[PDB]
Amino acid sequence: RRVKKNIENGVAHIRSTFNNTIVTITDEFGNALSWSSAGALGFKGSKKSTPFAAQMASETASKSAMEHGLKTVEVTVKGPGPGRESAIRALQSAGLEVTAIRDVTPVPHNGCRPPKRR
RNA sequence: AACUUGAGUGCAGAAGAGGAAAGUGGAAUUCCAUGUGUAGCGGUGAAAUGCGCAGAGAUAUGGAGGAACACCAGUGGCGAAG
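Going by the authors' numbering, the first residue of the first sequence is number 10, and it counts up by one from there.
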């Protein structure tokens, strides 16, 4: 009645940064059902940056997504991390049917000034 | 004192991020407001300060302002250089 959204279609946003991978999964209108951050499975340091943490994060996001009720999601990957391609195969291998890869990484049109390099 | 080649005007054409002033646009960063939602986010080689249970990050819809103009974009162009 509040969180058991029986909906056939959804979308999964994979914030795949360089030292985390947050896999949230939601409906079409963006109201979030659940996430799984890669630091919420006990991975610390550069263990979040491994694709195994993104793989297990897509597994434990898809468990809560399928108990809320989802059968087909689209995917929106965001970020140049390492766990971009492994997380969609972990989402497909956990029972959800991934259809569209609409990659939305935010590119400015020479917008704000970037941070200084190392 | 003549001449027309140098130089300059005319006529017919040509291209250009050349300059100044004003207006409009879209993406992105940040902040604020709201909806969803739970325990982390960010960071490093390693962790900590920092933010977050007053509900942060993530996502969605807006609003605010400021700065710079992805692709085009090229040993391309323009300007005396900057």
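Backbone N, C-alpha and C fix where the C-beta goes; we use that ideal spot for every residue, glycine too.
Residue nearest to residue i in terms of C-alpha spacing, selected from the options
{"i": "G19", "options": "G88, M75, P117", "result": "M75"}
{"i": "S43", "options": "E83, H77, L100, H118", "result": "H77"}
{"i": "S46", "options": "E37, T59, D36, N40", "result": "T59"}
{"i": "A62", "options": "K72, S73, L50", "result": "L50"}
{"i": "residue 135", "options": "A41, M65, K72", "result": "Residue coverage of the chain in this structure runs from 10 to 127, which leaves residue 135 outside it and unanswerable."}
C-alpha distance - residue i paired with residue j, whole-angstrom precision
{"i": "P115", "j": "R10", "result": "34 Å"}
{"i": "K13", "j": "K125", "result": "45 Å"}
{"i": "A70", "j": "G90", "result": "18 Å"}
{"i": "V86", "j": "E94", "result": "9 Å"}
{"i": "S67", "j": "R111", "result": "17 Å"}
{"i": "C121", "j": "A99", "result": "35 Å"}
{"i": "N28", "j": "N15", "result": "33 Å"}
{"i": "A21", "j": "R127", "result": "32 Å"}
{"i": "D36", "j": "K56", "result": "29 Å"}
{"i": "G88", "j": "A109", "result": "17 Å"}
Host alpha helix (DSSP H) of residue i (start-end)
{"i": "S67", "result": "60-77"}
{"i": "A99", "result": "93-102"}
N-terminal and C-terminal residue of the beta strand (DSSP E) that residue i is part of
{"i": "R24", "result": "18-25"}
{"i": "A41", "result": "41-45"}
{"i": "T33", "result": "30-35"}
{"i": "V116", "result": "That residue, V116, is in no beta strand (DSSP E); it is neither H nor E in DSSP."}
Cβ-based burial, residue i [other Cβ within 10 Å; buried from 16]
{"i": "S102", "result": "exposed"}
{"i": "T33", "result": "buried"}
{"i": "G104", "result": "exposed"}
{"i": "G92", "result": "buried"}
{"i": "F38", "result": "exposed"}
{"i": "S25", "result": "buried"}
{"i": "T81", "result": "exposed"}
Near the ligand FMN: residue i beta-carbon under 7 Å from a heavy atom
{"i": "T33", "result": "Judged by which ligands are present, the structure shown has none, so any question about the ligand FMN falls away."}
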